[PDB]
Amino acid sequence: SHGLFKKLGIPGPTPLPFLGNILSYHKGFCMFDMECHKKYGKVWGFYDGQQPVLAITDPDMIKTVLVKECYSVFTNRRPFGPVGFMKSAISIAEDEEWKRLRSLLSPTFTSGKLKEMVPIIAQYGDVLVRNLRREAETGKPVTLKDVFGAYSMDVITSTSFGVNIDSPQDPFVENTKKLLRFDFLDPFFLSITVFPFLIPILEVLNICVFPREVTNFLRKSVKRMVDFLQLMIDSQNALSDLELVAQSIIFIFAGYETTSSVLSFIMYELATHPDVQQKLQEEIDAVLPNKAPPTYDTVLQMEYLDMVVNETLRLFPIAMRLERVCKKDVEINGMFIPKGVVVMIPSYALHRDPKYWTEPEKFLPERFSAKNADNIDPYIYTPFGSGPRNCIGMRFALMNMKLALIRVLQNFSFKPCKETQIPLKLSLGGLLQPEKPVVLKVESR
């Protein structure tokens, strides 16, 4: 099964028996995709154990996988398990179950439901300022992901359930942060991916990848708790009480971890680029004079704010890779792909490809200016994926993150702390994060 890419004439690194190419992940997914993107060209194929992975970089071929032939061939992501009752999650469900859940949870972020959440979010934007002010009046370096993670848990627990709890040692933030830790040197996540034929053993043995009593804390909390929660109970009165909790675990983890990590990535670039931070602070004071409260319309008007978010998502795509499982033999864009091959889009490697980005290692929000936005291919820069299975909370996350960036730069400027990791070392482990936590000095205006 390791002579597949040799048969199809597709270049790639020579795989070792059983292991394949997983020993090249010692530098992480990001550095492995960039090295393979320069050695083999536009299209290459490696092996994750016995699973052949075809990496495509052609924007037209990316469009065929993600958009044109999504409902037909490339419908499901890589099989992940053992998951137990989490198999009913929209990000894990396949085919018919994904179609009914994608359409059910889509009205969660209609232009009306998302506008109902602005008065809910504006409350926690002041607690974020009032908590930073206590660590700003004193000369204490602030761990950004701690204060950003608390704000992210409040928004997702109120915009999806309507409960006010968070905002210190909060039980939701504590159990959600340890919900999953893909440390590739853990023999568990190493084996079940390299040697996957033992997954149905753990399935019939009632085993799961998510901790047992971490799933219990969130399973009984949803049973304890029109929004995201109301949009599903109305359809319940074949959504069962078990598939319901699986979706809440998805929204709580995504609304907390994805938001706080990007915000820390935003604040790091603004501290290492004071000209970008000051130019962004001058724009917020113009659209919102006298520290006016930001509304739904004033956020979309800020052009440079969207250019800073889009550039950071280019430098730090938290998903790193996009994956689709080929469900039947196809010949797309002049290339045959057999059934069972995982078609992967190196999102991290494409965002820094010199063929599509001038000076890619440098932080320049001017790439997304209305003059230069033309030169951006919508299938090379895909921080939220693309097609019918993109980020469902894209318009939610893009709004929720910008709502946090506005209320912070109105009152505080951020400077390095010397103990701040400059340059920022990404975590060469599993998910995308910094090695050392981001710490910055908070000076009040």
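Each residue number is its position in the shown sequence, starting from 1.
The modelled chain is continuous from residue 369 to residue 370, since every residue of the deposited sequence in that stretch has coordinates. Unmodelled deposited residues between residue 237 and residue 238: 4 to 9, per the record. When 265 to 273 is weighed against 157 to 165, 157 to 165 comes out higher, by mean CA B-factor as recorded in the entry.
Of the two segments, 300 to 308 and 128 to 136, the one listed with the higher mean B-factor is 128 to 136 (C-alpha atoms only). Taking only the listed residues 64, 57, 400, 410, the entry reports the highest CA temperature factor at 410. As recorded in the PDB entry, 291 shows the highest C-alpha B-factor of the residues 77, 321, 291, 327. The deposited CA B-factor of residue 19 belongs to the lowest third of values across its chain. For residue 351, the recorded CA B-factor ranks within the lowest third of the chain. Only modelled residues enter the ranking. The deposited CA B-factor of residue 316 belongs to the lowest third of values across its chain. Sorting the modelled residues of the chain by their CA temperature factor places residue 392 in the lowest third. In this PDB entry, residue 336 carries a Cα temperature factor that places it within the middle third of its chain's modelled residues.
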